[PDB]
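See structure below.
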Amino acid sequence: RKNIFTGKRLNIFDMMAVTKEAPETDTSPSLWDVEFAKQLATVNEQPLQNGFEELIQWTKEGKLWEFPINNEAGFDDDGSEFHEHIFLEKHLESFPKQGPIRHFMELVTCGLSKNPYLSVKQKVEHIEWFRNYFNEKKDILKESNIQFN
Amino acid sequence: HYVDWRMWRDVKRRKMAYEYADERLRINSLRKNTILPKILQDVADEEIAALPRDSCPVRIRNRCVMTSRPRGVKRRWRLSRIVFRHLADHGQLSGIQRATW
Amino acid sequence: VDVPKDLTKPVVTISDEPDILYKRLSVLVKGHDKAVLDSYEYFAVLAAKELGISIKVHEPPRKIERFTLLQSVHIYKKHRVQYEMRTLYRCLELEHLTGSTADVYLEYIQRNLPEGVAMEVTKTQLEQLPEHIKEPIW
Amino acid sequence: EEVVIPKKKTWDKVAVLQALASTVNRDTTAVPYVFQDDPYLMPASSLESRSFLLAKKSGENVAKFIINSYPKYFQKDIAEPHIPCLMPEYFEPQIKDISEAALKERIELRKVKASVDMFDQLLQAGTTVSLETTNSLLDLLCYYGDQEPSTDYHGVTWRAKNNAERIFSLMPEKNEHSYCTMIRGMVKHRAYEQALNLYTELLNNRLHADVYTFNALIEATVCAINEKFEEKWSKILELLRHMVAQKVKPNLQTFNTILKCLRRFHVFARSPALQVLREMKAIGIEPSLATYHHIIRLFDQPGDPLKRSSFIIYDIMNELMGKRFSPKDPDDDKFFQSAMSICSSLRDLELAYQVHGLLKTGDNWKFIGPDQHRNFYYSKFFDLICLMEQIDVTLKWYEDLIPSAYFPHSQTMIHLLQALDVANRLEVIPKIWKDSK
Amino acid sequence: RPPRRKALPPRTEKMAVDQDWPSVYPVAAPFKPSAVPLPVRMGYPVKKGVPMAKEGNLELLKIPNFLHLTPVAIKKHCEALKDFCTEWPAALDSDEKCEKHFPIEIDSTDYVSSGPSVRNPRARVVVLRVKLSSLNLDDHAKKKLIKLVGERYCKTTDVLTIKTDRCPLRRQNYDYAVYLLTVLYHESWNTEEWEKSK
Amino acid sequence: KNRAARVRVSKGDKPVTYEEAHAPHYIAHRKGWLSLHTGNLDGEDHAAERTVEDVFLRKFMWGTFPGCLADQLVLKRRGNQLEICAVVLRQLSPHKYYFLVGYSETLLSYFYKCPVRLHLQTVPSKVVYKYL
């Protein structure tokens with residue numbers, strides 16, 4: 001005739017004034033916690049009731065594409081920006097300010113800027129290789145009276 | 001386990017061309033221009049000649065991907081005419097039907 | 001009698017960012033089958049009508065790419081086989097729908113896109129002038 | 001004239017799929033979706049259902065074994081975006097030199113022999129190891145009790161001759177975690193006496209045990225000795241007071257372990273279990289399905305359920321009605337089985353209907369448990385329905401559940417036949433036989 | 001001799017005429033004869049024959065059936081999805097008002113195809129369009145901008161069209177289009193000394 | 001005389017299914033394609049890769065279900081999904097069928113990095129459209 005939730009208690013722990021508002025989530029996870037989480041997942045583990053649940057699980061696992069379809073989904077070119085791809089003149093600072101070498105590297109940088117198939121790293125690598133090659137060939141260039149740096 | 005030794009040679013050529021494509025492009029860009037001095041262009045010619053022969057893209061042949069046939073290959077499907085006909089006449093290629101008009 | 005007593009629903013969060021406005025979505029579906037395209041058109045039109053989206057339909061002219069191959073394995077050049085790959089089109093133009101509605105409708109019609117039917121949706125995104133262009137910085 | 005731009009509604013990548021799935025109910029005529037919808041491959045019995053699912057899982061395991069054995073045949077990734085879960089999985093350590101990084105790598109890879117050898121070589125060579133690295137090694141060893149993990153192919157389970165205690169002795173620096181992991185491993189492997197001894201060592205060292213250590217100690221204290229209920233009750237209260245003094249706040253696992261261990265005494269612990277539940281409610285540690293299931297199993301005993309068990313189940317159902325559950329305890333799945341068991345025992349069809357409605361509300365159905373538990377639950381539910389319901393609603397339930405929910409057993413069919421005979425609706429008797437076939 | 005398993009009767013027999021069809025087919029699935037309670041027949045009939053029955057009919061298995069998209073199912077799906085939609089601004093009743101308030105139109109394309117790879121380079125193209133009338137320009141700035149853009153401006157439609165396709169991503173191309181519009185506008189409003197040689 | 005994909009009449013007793021009976025010039029006229037994917041449409045790409053995948057799938061499925069297959073496969077592709085619809089004889093016990101289904105689905109999913117489903121329809125015997 002009495003509610004079970006109301007009555008004499010253990011009276012060991014008083015009603016906590018404030019719950020834990022300063023969690024220790026910064027701690028590293030333990031194998032015990034990993035297995036506890038695995039069991040928490042297992043208690044919900046059930047066979048798929050219908051095809052919609054299968055699609056939901058596949059989307060969660062990443063096996064199935066998200067919709068609406070984004071052809072660039074799951075791909076960012078290292079978070080680059082348009083100015084990094086196009087304005088590559090800043091990478092020509094190791095080249096003569098004026099001269100035939102500057103003209104050729106201007107052509108090369110224009111071609112690279114027009115190129116949408118190369119990441120910024122590869123575009124920079126091309127210019128770096130050109131710089132290294134010209135440095136190794138500075139003798140011939142200076143014979144032709146064209147200074148390189 | 002390729003179809004024939006010719007297919008193996010083509011695979012090796014494709015792999016080497018992919019490996020050396022960046023350097024070949026850089027050296028060709030150094031060559032195919034008039035801005036740079038002639039001596040540097042001649043040096044670039046010698047350097048690109050010194051590259052391995054199989055790295056040249058012109059040596060790549062579009063053999064069939066299933067019978068190594070070097071001719072009659074449809075580039076869109078990379079199959080010889082005989083294999084393509086065999087698959088299309090059995091209905092195993094989507095949307096391909098006999099053309100009658 | 002085994003109906004669920006309560007229903008669970010997905011979470012739709014009204015963000016504070018203003019939604020994107022779309023002037024026109026041009027969903028161009030390509031297929032090898034006219035009946036399949038007609039059924040897909042009926043499905044998409046019914047979905048748009050039940051979702052309160054203005055929609056128009058038209059059929060761009062088909063493209064029949066043809067090519068020829070030698071028939072016999074050896075010689076007999078005068079005998080050939082000609083194959084073709086018909087591409088039938090259906091363009092659905094959806095006018096004046098927001099970004100959320102556009103995303104929902106596109107996801108619904110793309111997840112149900114029949115096999116053998118490709119889709120090319122073109123989105124016209126209405127935009128306002130940037131601050132640098134409203135008045136000259138000069 | 002002003003134009004307004006509506007706010008952008010945002011949702012999860014599966015929100016549309018969930019919304020669509022909300023509109024489809026369960027196909028009564030169809031077998032569960034995991035099977036093949038073909039007459040020759042539709043399972044025709046509970047045994048056939050279990051065997052078919054086990055065969056499918058065996059095929060998946062064989063495929064995974066071959067993938068893992070020959071990873072070079074599946075390394076060609078042609079998927080965009082990348083799909084990590086479809087790539088082969090490696091089980092070989094990369095850091096081969098004896099180092100702390102190699103030890104941590106082996107611990108993460110759960111290679112017990114490699115981890116033990118790495119620790120031995122590290123100790124012999126004198127290279128540096130942190131307290132956290134040795135703590136992780138102790139976690140790995142004690143949780144498994146040095147038992148080698150089981151893969152597809154390649155009682156007091158605590159071994160008397162084990163490397164966990166050996167490494168603990170070899171451990172120069174020990175902390176709260178170092179004692180706690182060994183205590184938890186001993187309790188998990190039912191080495192209660194050694195766990196209590198190490199807890200005494202921790203108390204002597206003036207360290208503070210974690211809540212998990214307290215739960216393990218409660219289990220060890222209850223299962224170590226055979227005493228009257230009051231002795232274990234006083235011991236549990238003393239451990240709780242120790243936790244209070246140490247200022248550690250308990251969790252759901254604490255009271256869950258307390259009830260699970262006190263389940264032995266039944267009538268002795270009946271009212272004290274109510275006191276524990278009241279304490280849980282006062283603290284704010286909301287009981288989960290496992291807590292109620294443990295209370296049900298404690299109050300369950302041959303005798304007269306009308307005395308106290310009826311009150312317990314009715315109060316539990318009144319409390320839980322209209323509440324969506326969540327995964328809180330690893331034993332949350334067995335609640336519905338025991339609930340339906342008592343529903344059948346009490347012959348209260350209304351109570352069973354309330355329990356089933358609670359199961360159907362929200363995502364509570366996912367807590368129905370494994371295949372055996374689901375079959376038992378539905379068998380008891382259908383037996384009660386046949387016993388205590390009008391034959392028309394009984395037949396409606398029969399159509400709704402079987403075969404979509406479960407495959408009936410001969411006893412359930414006999415009960416249905418008895419109900420039909422009571423209703424004098426023998427015209428269904430032939431159909432039932434076909435159903436039996 | 002081991003017993004031979006007997007195939008069960010199809011569950012279409014147990015179906016009801018007034019059942020809920022979307023429950024049977026929630027998602028796109030191949031045509032299952034044991035699950036479709038219709039006496040459909042497909043196949044070119046033999047002489048003095050009938051079209052092949054659905055059981056074993058590979059032709060029906062080939063068809064991308066719409067049995068999961070019946071009108072009842074479509075209506076229920078739309079009712080469920082109505083919660084996700086946002087109402088279009090009722091003020092913008094016509095394209096005239098849209099151009100009045102939103103003078104920049106950005107065109108982009110998403111391509112859906114069957115395959116394991118979703119990448120498609122053609123999706124990176126962005127097309128910005130703006131009516132010079134909707135911009136704020138004078139006679140000289142408009143004349144200079146027209147010469148600067150060249151073929152991108154169609155005097156018949158008074159629409160400037162900037163097409164950006166040189167960046168790998170669509171967002172980068174959109175940013176480049178905005179930047180190009182900005183610099184073109186600023187140079188148009190900028191006057192050079194050598195412009196006096198006109 | 002044309003010989004492609006035709007079953008020449010010999011005695012009037014050899015049974016052939018619907019697909020075997022029809023000659024290549026009946027494709028898209030009286031019989032649909034056995035594989036449906038957007039590769040061969042206008043402007044689309046990766047037709048060769050899809051064709052190679054289809055050929056390998058057909059060979060693998062024929063060699064994985066020895067004598068079980070009662071007809072050619074149907075390879076449908078929706079997005080990155082891949083449904084293999086097959087018609088199989090009722091020879092093996094369903095345990096072996098389920099084992100093979102799980103095996104083939106998992107192996108093909110890991111080999112082509114796409115979610116592969118396998119739908120089997122069982123028939124008592126090879127369906128006979130006519131006799132040749």
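For the structure tokens, the naming scheme is as follows: chains receive sequential letters (A, B, ...) according to their order of presentation, residues are indexed from 1 within each chain, and ligands are indexed from 1 in presentation order.
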Tell me the residues of chain A close to chain E, meaning within 10 Å using only C-alpha atoms, as a count of residues only. 36
Please report as a count of residues only which residues of chain F come no farther than 10 Å from chain B, using only C-alpha atoms. 40
For chain A versus chain D, which residues have an atom no more than 8 Å away, and what is each residue's nearest atom pair and distance in Å rounded to one decimal, using only C-alpha atoms, chain-then-number order, as JSON lines?
```
{"residue": "A:3", "atom": "CA", "partner": "D:315", "partner_atom": "CA", "distance": 7.1}
{"residue": "A:4", "atom": "CA", "partner": "D:274", "partner_atom": "CA", "distance": 6.1}
{"residue": "A:5", "atom": "CA", "partner": "D:278", "partner_atom": "CA", "distance": 5.0}
{"residue": "A:6", "atom": "CA", "partner": "D:278", "partner_atom": "CA", "distance": 6.3}
{"residue": "A:7", "atom": "CA", "partner": "D:278", "partner_atom": "CA", "distance": 6.9}
{"residue": "A:8", "atom": "CA", "partner": "D:275", "partner_atom": "CA", "distance": 6.1}
{"residue": "A:9", "atom": "CA", "partner": "D:275", "partner_atom": "CA", "distance": 4.5}
{"residue": "A:10", "atom": "CA", "partner": "D:275", "partner_atom": "CA", "distance": 5.7}
{"residue": "A:11", "atom": "CA", "partner": "D:279", "partner_atom": "CA", "distance": 6.8}
{"residue": "A:12", "atom": "CA", "partner": "D:241", "partner_atom": "CA", "distance": 6.6}
{"residue": "A:13", "atom": "CA", "partner": "D:283", "partner_atom": "CA", "distance": 6.9}
{"residue": "A:14", "atom": "CA", "partner": "D:283", "partner_atom": "CA", "distance": 6.7}
{"residue": "A:15", "atom": "CA", "partner": "D:283", "partner_atom": "CA", "distance": 4.8}
{"residue": "A:16", "atom": "CA", "partner": "D:283", "partner_atom": "CA", "distance": 6.4}
{"residue": "A:30", "atom": "CA", "partner": "D:136", "partner_atom": "CA", "distance": 7.2}
{"residue": "A:31", "atom": "CA", "partner": "D:139", "partner_atom": "CA", "distance": 6.4}
{"residue": "A:32", "atom": "CA", "partner": "D:143", "partner_atom": "CA", "distance": 7.0}
{"residue": "A:36", "atom": "CA", "partner": "D:330", "partner_atom": "CA", "distance": 7.3}
{"residue": "A:39", "atom": "CA", "partner": "D:330", "partner_atom": "CA", "distance": 5.3}
{"residue": "A:40", "atom": "CA", "partner": "D:330", "partner_atom": "CA", "distance": 5.5}
{"residue": "A:41", "atom": "CA", "partner": "D:327", "partner_atom": "CA", "distance": 7.4}
{"residue": "A:42", "atom": "CA", "partner": "D:330", "partner_atom": "CA", "distance": 7.8}
{"residue": "A:43", "atom": "CA", "partner": "D:333", "partner_atom": "CA", "distance": 5.6}
{"residue": "A:44", "atom": "CA", "partner": "D:366", "partner_atom": "CA", "distance": 5.2}
{"residue": "A:45", "atom": "CA", "partner": "D:366", "partner_atom": "CA", "distance": 6.9}
{"residue": "A:46", "atom": "CA", "partner": "D:366", "partner_atom": "CA", "distance": 6.0}
{"residue": "A:47", "atom": "CA", "partner": "D:34", "partner_atom": "CA", "distance": 6.6}
{"residue": "A:48", "atom": "CA", "partner": "D:34", "partner_atom": "CA", "distance": 6.3}
{"residue": "A:49", "atom": "CA", "partner": "D:33", "partner_atom": "CA", "distance": 5.6}
{"residue": "A:50", "atom": "CA", "partner": "D:33", "partner_atom": "CA", "distance": 5.4}
{"residue": "A:51", "atom": "CA", "partner": "D:33", "partner_atom": "CA", "distance": 7.3}
{"residue": "A:52", "atom": "CA", "partner": "D:21", "partner_atom": "CA", "distance": 5.7}
{"residue": "A:53", "atom": "CA", "partner": "D:21", "partner_atom": "CA", "distance": 7.4}
{"residue": "A:55", "atom": "CA", "partner": "D:17", "partner_atom": "CA", "distance": 7.6}
{"residue": "A:56", "atom": "CA", "partner": "D:14", "partner_atom": "CA", "distance": 6.1}
{"residue": "A:59", "atom": "CA", "partner": "D:14", "partner_atom": "CA", "distance": 6.8}
{"residue": "A:60", "atom": "CA", "partner": "D:14", "partner_atom": "CA", "distance": 7.5}
{"residue": "A:61", "atom": "CA", "partner": "D:85", "partner_atom": "CA", "distance": 7.2}
{"residue": "A:62", "atom": "CA", "partner": "D:83", "partner_atom": "CA", "distance": 6.2}
{"residue": "A:63", "atom": "CA", "partner": "D:83", "partner_atom": "CA", "distance": 6.1}
{"residue": "A:66", "atom": "CA", "partner": "D:13", "partner_atom": "CA", "distance": 6.3}
{"residue": "A:67", "atom": "CA", "partner": "D:13", "partner_atom": "CA", "distance": 7.4}
{"residue": "A:73", "atom": "CA", "partner": "D:81", "partner_atom": "CA", "distance": 6.7}
{"residue": "A:74", "atom": "CA", "partner": "D:81", "partner_atom": "CA", "distance": 5.2}
{"residue": "A:75", "atom": "CA", "partner": "D:81", "partner_atom": "CA", "distance": 7.1}
```
Dump C-alpha atoms for the selected residues as a compact mmCIF listing (two decimals), in the first residue's frame?
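What landed in result-v1.txt:
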```txt
# COMPACT_ATOMS: atom_id res chain seq x y z
CA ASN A 3 5.10 3.37 -3.10
CA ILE A 4 8.45 1.62 -3.35
CA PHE A 5 10.30 4.76 -4.45
CA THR A 6 9.20 6.61 -1.29
CA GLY A 7 10.33 5.38 2.10
CA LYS A 8 13.31 4.93 4.37
CA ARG A 9 16.55 5.08 2.39
CA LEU A 10 20.14 4.00 2.97
CA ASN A 11 20.84 7.62 4.01
CA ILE A 12 24.54 7.18 3.19
CA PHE A 13 24.79 9.67 0.31
CA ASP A 14 22.97 12.95 0.82
CA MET A 15 21.29 14.61 -2.14
CA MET A 16 24.30 16.13 -3.91
CA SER A 30 41.14 2.76 -20.79
CA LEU A 31 40.57 -0.72 -22.17
CA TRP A 32 37.92 -1.19 -19.47
CA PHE A 36 32.12 -0.89 -21.43
CA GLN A 39 28.79 -3.51 -24.31
CA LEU A 40 26.71 -0.33 -24.38
CA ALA A 41 26.69 -0.62 -28.17
CA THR A 42 25.90 -4.34 -27.94
CA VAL A 43 22.80 -3.85 -25.78
CA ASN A 44 21.34 -1.95 -28.75
CA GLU A 45 22.71 -4.45 -31.29
CA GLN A 46 19.73 -5.83 -33.20
CA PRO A 47 19.18 -7.28 -36.67
CA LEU A 48 17.99 -4.80 -39.27
CA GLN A 49 14.20 -4.57 -39.32
CA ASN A 50 13.95 -3.23 -42.89
CA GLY A 51 15.97 -1.86 -45.77
CA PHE A 52 15.81 1.69 -44.41
CA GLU A 53 17.73 0.60 -41.32
CA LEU A 55 20.74 2.20 -45.50
CA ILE A 56 20.99 4.17 -42.25
CA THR A 59 25.48 5.80 -44.19
CA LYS A 60 26.68 5.85 -40.58
CA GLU A 61 29.57 3.53 -41.45
CA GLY A 62 30.44 5.65 -44.48
CA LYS A 63 29.96 2.80 -46.95
CA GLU A 66 25.60 11.01 -48.31
CA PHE A 67 22.80 12.78 -50.15
CA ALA A 73 32.41 15.38 -50.56
CA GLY A 74 35.23 14.01 -48.45
CA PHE A 75 37.87 15.95 -50.38
```
Would you work out the distance separating atom CA of residue 385 of chain D from atom CA of residue 336 of chain D, expressed in Å to one decimal?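 For atom CA of residue 385 of chain D relative to atom CA of residue 336 of chain D, the distance reads 16.1 Å.
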Write down as a short mmCIF file (atom, residue, chain, number, x, y, z; two decimals) with C-alpha atoms, in the first residue's frame the residues of segment 260-425 of chain D whose backbone DSSP state falls under helix (DSSP H, G or I).
```cif
data_model
loop_
_atom_site.label_atom_id
_atom_site.label_comp_id
_atom_site.auth_asym_id
_atom_site.auth_seq_id
_atom_site.Cartn_x
_atom_site.Cartn_y
_atom_site.Cartn_z
CA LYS D 260 23.18 -8.09 -8.77
CA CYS D 261 25.27 -9.40 -5.88
CA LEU D 262 22.44 -9.12 -3.33
CA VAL D 267 13.41 -12.24 0.57
CA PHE D 268 16.17 -11.12 2.93
CA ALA D 269 17.23 -8.30 0.59
CA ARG D 270 13.74 -7.45 -0.71
CA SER D 271 13.08 -4.39 1.46
CA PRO D 272 16.78 -3.34 1.61
CA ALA D 273 16.74 -3.37 -2.19
CA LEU D 274 13.81 -0.96 -2.02
CA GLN D 275 15.93 1.20 0.29
CA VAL D 276 18.78 1.09 -2.23
CA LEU D 277 16.39 2.12 -5.01
CA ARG D 278 15.08 4.99 -2.89
CA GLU D 279 18.66 6.09 -2.25
CA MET D 280 19.31 5.96 -6.00
CA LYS D 281 16.27 8.15 -6.66
CA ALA D 282 17.24 10.63 -3.93
CA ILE D 283 20.83 10.95 -5.19
CA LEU D 289 16.72 -1.16 -17.47
CA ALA D 290 19.44 -3.25 -15.82
CA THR D 291 18.62 -1.86 -12.38
CA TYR D 292 14.94 -2.72 -12.71
CA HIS D 293 15.81 -6.13 -14.18
CA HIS D 294 18.05 -6.89 -11.20
CA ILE D 295 15.31 -5.80 -8.79
CA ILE D 296 12.85 -8.04 -10.66
CA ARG D 297 15.19 -11.02 -10.48
CA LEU D 298 15.77 -10.37 -6.77
CA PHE D 299 12.04 -10.22 -6.03
CA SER D 309 6.32 -9.01 -6.33
CA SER D 310 3.05 -7.67 -7.75
CA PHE D 311 3.64 -4.32 -6.05
CA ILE D 312 7.21 -4.23 -7.37
CA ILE D 313 6.26 -4.89 -10.99
CA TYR D 314 3.27 -2.54 -10.92
CA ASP D 315 5.34 0.29 -9.44
CA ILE D 316 8.13 -0.31 -11.97
CA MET D 317 5.65 -0.19 -14.85
CA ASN D 318 4.00 2.96 -13.50
CA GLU D 319 7.41 4.62 -13.16
CA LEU D 320 8.76 3.62 -16.57
CA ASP D 332 19.83 -3.35 -19.87
CA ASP D 333 18.74 -5.90 -22.50
CA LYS D 334 17.28 -8.53 -20.15
CA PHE D 335 14.65 -6.24 -18.58
CA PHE D 336 11.88 -7.09 -21.03
CA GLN D 337 12.46 -10.84 -20.79
CA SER D 338 11.99 -10.88 -17.01
CA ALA D 339 9.13 -8.39 -17.23
CA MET D 340 7.23 -10.62 -19.65
CA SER D 341 8.09 -13.65 -17.52
CA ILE D 342 6.34 -12.12 -14.52
CA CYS D 343 3.55 -10.88 -16.79
CA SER D 344 2.90 -14.49 -17.79
CA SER D 345 3.28 -15.68 -14.20
CA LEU D 346 0.70 -13.22 -12.85
CA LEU D 349 -2.70 -9.43 -19.80
CA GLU D 350 -3.10 -5.70 -19.15
CA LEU D 351 0.33 -5.59 -17.52
CA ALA D 352 1.82 -7.45 -20.49
CA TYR D 353 0.17 -4.99 -22.87
CA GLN D 354 1.68 -2.12 -20.89
CA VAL D 355 5.11 -3.77 -21.05
CA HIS D 356 4.79 -4.31 -24.80
CA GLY D 357 3.70 -0.71 -25.32
CA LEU D 358 6.73 0.41 -23.34
CA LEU D 359 8.89 -1.78 -25.58
CA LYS D 360 7.34 -0.29 -28.72
CA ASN D 364 13.00 0.66 -26.77
CA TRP D 365 12.51 -2.30 -29.12
CA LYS D 366 16.28 -2.38 -29.66
CA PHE D 367 16.57 -3.46 -26.01
CA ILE D 368 14.66 -6.70 -26.65
CA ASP D 371 17.69 -13.90 -30.46
CA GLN D 372 17.13 -16.36 -27.61
CA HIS D 373 15.82 -13.63 -25.30
CA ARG D 374 13.57 -12.23 -28.02
CA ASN D 375 12.16 -15.68 -28.76
CA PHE D 376 11.49 -16.34 -25.07
CA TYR D 377 9.87 -12.92 -24.64
CA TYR D 378 7.54 -13.37 -27.60
CA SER D 379 6.73 -16.96 -26.62
CA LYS D 380 5.66 -15.92 -23.12
CA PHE D 381 3.77 -12.91 -24.48
CA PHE D 382 1.83 -14.98 -27.01
CA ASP D 383 1.09 -17.67 -24.43
CA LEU D 384 -0.36 -15.04 -22.11
CA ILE D 385 -2.33 -13.47 -24.98
CA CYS D 386 -3.82 -16.84 -25.92
CA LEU D 387 -4.68 -17.56 -22.29
CA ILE D 391 -10.04 -15.13 -29.69
CA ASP D 392 -10.46 -12.33 -32.24
CA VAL D 393 -7.78 -10.14 -30.67
CA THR D 394 -5.76 -13.32 -30.07
CA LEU D 395 -5.84 -14.10 -33.79
CA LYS D 396 -4.98 -10.49 -34.62
CA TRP D 397 -1.92 -10.72 -32.36
CA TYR D 398 -1.04 -14.09 -33.90
CA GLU D 399 -1.12 -12.54 -37.36
CA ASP D 400 0.87 -9.49 -36.23
CA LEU D 401 3.69 -11.30 -34.43
CA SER D 410 4.81 -26.47 -30.44
CA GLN D 411 3.67 -25.57 -26.92
CA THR D 412 2.54 -22.12 -28.08
CA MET D 413 0.62 -23.71 -30.95
CA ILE D 414 -1.02 -26.10 -28.48
CA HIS D 415 -2.03 -23.14 -26.31
CA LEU D 416 -3.48 -21.39 -29.36
CA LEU D 417 -5.44 -24.54 -30.21
CA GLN D 418 -6.77 -24.68 -26.65
CA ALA D 419 -7.86 -21.04 -26.88
CA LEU D 420 -9.59 -21.73 -30.20
CA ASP D 421 -11.37 -24.74 -28.70
CA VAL D 422 -12.53 -22.60 -25.78
CA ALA D 423 -13.83 -20.08 -28.32
#
```
Kindly provide, as an mmCIF file with C-alpha atoms, in the first residue's frame, the residues of chain E having any atom no farther than 7 Å from an atom of chain F, counting only C-alpha atoms.
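That gives us selection_30.cif:
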```cif
data_model
loop_
_atom_site.group_PDB
_atom_site.id
_atom_site.type_symbol
_atom_site.label_atom_id
_atom_site.label_comp_id
_atom_site.auth_asym_id
_atom_site.auth_seq_id
_atom_site.Cartn_x
_atom_site.Cartn_y
_atom_site.Cartn_z
ATOM 1 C CA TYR E 44 7.686 -12.045 -75.886
ATOM 2 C CA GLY E 56 11.960 -17.097 -62.703
ATOM 3 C CA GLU E 59 13.016 -9.867 -67.688
ATOM 4 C CA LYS E 62 15.968 -6.597 -65.123
ATOM 5 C CA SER E 113 26.418 8.610 -61.423
ATOM 6 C CA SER E 114 26.644 4.909 -60.650
ATOM 7 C CA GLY E 115 30.052 3.817 -59.409
ATOM 8 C CA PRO E 116 32.323 3.619 -56.380
#
```
Atom CA of residue 66 of chain C and atom CA of residue 34 of chain C are how many Å apart?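 Computing it gives 18.3 Å between the two atoms.
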Skip residue 22 of chain C itself and residues of its chain fewer than 2 positions away, then list as a PyMOL selection string all residues within 7 Å of it, counting only C-alpha atoms. chain C and resi 20+24+96-99+123-126
Could you produce a table of the residues of chain C lying within 7 Å of chain E, with the nearest pair of atoms per residue and their separation in Å rounded to one decimal, using only C-alpha atoms, ordered by chain and increasing residue number, as a tab-separated table?
```
residue	atom	partner	partner_atom	distance
C:12	CA	E:84	CA	6.6
C:47	CA	E:74	CA	6.3
C:50	CA	E:78	CA	6.0
C:51	CA	E:78	CA	5.9
C:96	CA	E:88	CA	6.6
C:97	CA	E:88	CA	5.4
C:98	CA	E:88	CA	5.5
C:100	CA	E:85	CA	5.6
C:101	CA	E:85	CA	4.4
C:104	CA	E:84	CA	6.9
C:114	CA	E:64	CA	6.0
C:115	CA	E:64	CA	6.6
C:118	CA	E:113	CA	5.2
C:119	CA	E:112	CA	5.0
C:120	CA	E:111	CA	4.6
C:121	CA	E:110	CA	5.4
C:122	CA	E:109	CA	4.3
C:123	CA	E:108	CA	5.4
C:124	CA	E:107	CA	4.6
C:125	CA	E:106	CA	4.7
C:126	CA	E:105	CA	4.8
C:127	CA	E:104	CA	4.8
C:128	CA	E:102	CA	4.9
C:129	CA	E:104	CA	6.6
C:132	CA	E:182	CA	6.6
C:133	CA	E:182	CA	6.2
C:134	CA	E:136	CA	6.9
C:136	CA	E:186	CA	6.7
```
How would the residues just picked look written out with C-alpha atoms as a compact mmCIF listing (two decimals), in the first residue's frame?
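See selection-v2.txt below for the written result:
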```txt
# COMPACT_ATOMS: atom_id res chain seq x y z
CA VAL C 12 15.62 19.15 -37.57
CA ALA C 47 6.84 14.48 -54.94
CA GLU C 50 3.06 17.07 -52.52
CA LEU C 51 5.98 19.15 -51.20
CA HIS C 96 11.89 29.55 -56.34
CA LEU C 97 12.69 27.09 -53.57
CA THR C 98 14.96 27.58 -50.58
CA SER C 100 16.67 23.38 -47.27
CA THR C 101 13.76 22.39 -49.51
CA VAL C 104 15.52 17.61 -49.16
CA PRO C 114 16.79 4.13 -60.79
CA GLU C 115 19.85 2.23 -61.91
CA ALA C 118 22.28 9.49 -64.52
CA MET C 119 21.44 12.93 -63.15
CA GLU C 120 22.91 16.38 -63.72
CA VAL C 121 21.29 18.98 -61.45
CA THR C 122 22.13 22.62 -62.13
CA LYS C 123 21.50 25.03 -59.26
CA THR C 124 20.97 28.77 -59.75
CA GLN C 125 21.98 30.37 -56.46
CA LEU C 126 20.61 33.86 -55.91
CA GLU C 127 23.19 36.15 -54.33
CA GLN C 128 23.45 39.73 -53.11
CA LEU C 129 26.14 42.20 -54.10
CA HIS C 132 32.99 45.94 -52.03
CA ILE C 133 30.70 46.23 -55.07
CA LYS C 134 27.71 48.10 -53.59
CA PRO C 136 33.14 52.09 -55.05
```
Considering only C-alpha atoms, return as an MDAnalysis selection string whatever protein or nucleic-acid residues lie within 10 Å of residue 53 of chain B, sequence-local ones (same chain, fewer than 3 positions apart) excluded. chainID B and resid 13 16:17 48:50 56:57 59
Between atom CA of residue 71 of chain B and atom CA of residue 12 of chain B, what is the distance, to one decimal in Å?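 Value for the atom CA of residue 71 of chain B-atom CA of residue 12 of chain B distance: 19.3 Å.
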Any idea what's packed within 7 Å of segment 9-15 of chain E, counting only C-alpha atoms, ignoring anything in its chain fewer than 5 positions away? Could you give it as JSON, numbers by chain? {"D": [29, 39], "E": [34, 35, 36, 37]}
Here is a test: counting only C-alpha atoms, which residue of D:239, D:55, D:5, D:42 is nearest to chain F? D:55
